[PDB]
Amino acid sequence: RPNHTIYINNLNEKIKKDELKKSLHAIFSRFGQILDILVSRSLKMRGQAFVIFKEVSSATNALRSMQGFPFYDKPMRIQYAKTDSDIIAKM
């Protein structure tokens, strides 16, 4: 069940928000245009990120190519987001 948005967890929770978004953008921008990267460090949402790609093909390539990739010395676990991100559902 592919999706425009990939769900990444098992992220290093010590990395700050602005730095985590910039590093996630640096390693995921080669798969295609990124519309947004959503990161929160609250108890519920820490260690996780949502990367919204402009095209589902980019998300599929990113999920297959970056699965288990070490990122701040922790392997990224990548799934498709279970539901459409708000911006995707509105366009």
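The first residue of the sequence shown is number 1, and the count goes up from there.
### Query
Going by the entry, which third of its chain does the Cα temperature factor of residue 15 land in?
Residue 15: CA B-factor falls in the lowest third of its chain.
### Message
Lowest, middle or highest third: which one holds residue 79 when the chain's residues are ordered by CA B-factor from the entry?
### Response
According to the entry, residue 79 has a C-alpha B-factor in the chain's lowest third.
### Query
residue 27: which third of its chain by C-alpha temperature factor?
For residue 27, the deposited C-alpha B-factor lands in the middle third.
### Task
Report the third (lowest, middle or highest) to which the CA temperature factor of residue 38 belongs, ranking only the modelled residues of the same chain.
It falls in the bottom third of the chain.
### Task
Within this chain's modelled residues, let me know which third the CA B factor of residue 91 belongs to: lowest, middle or highest.
Within its chain, residue 91 is a highest-third residue by C-alpha B-factor, going by the deposited values.
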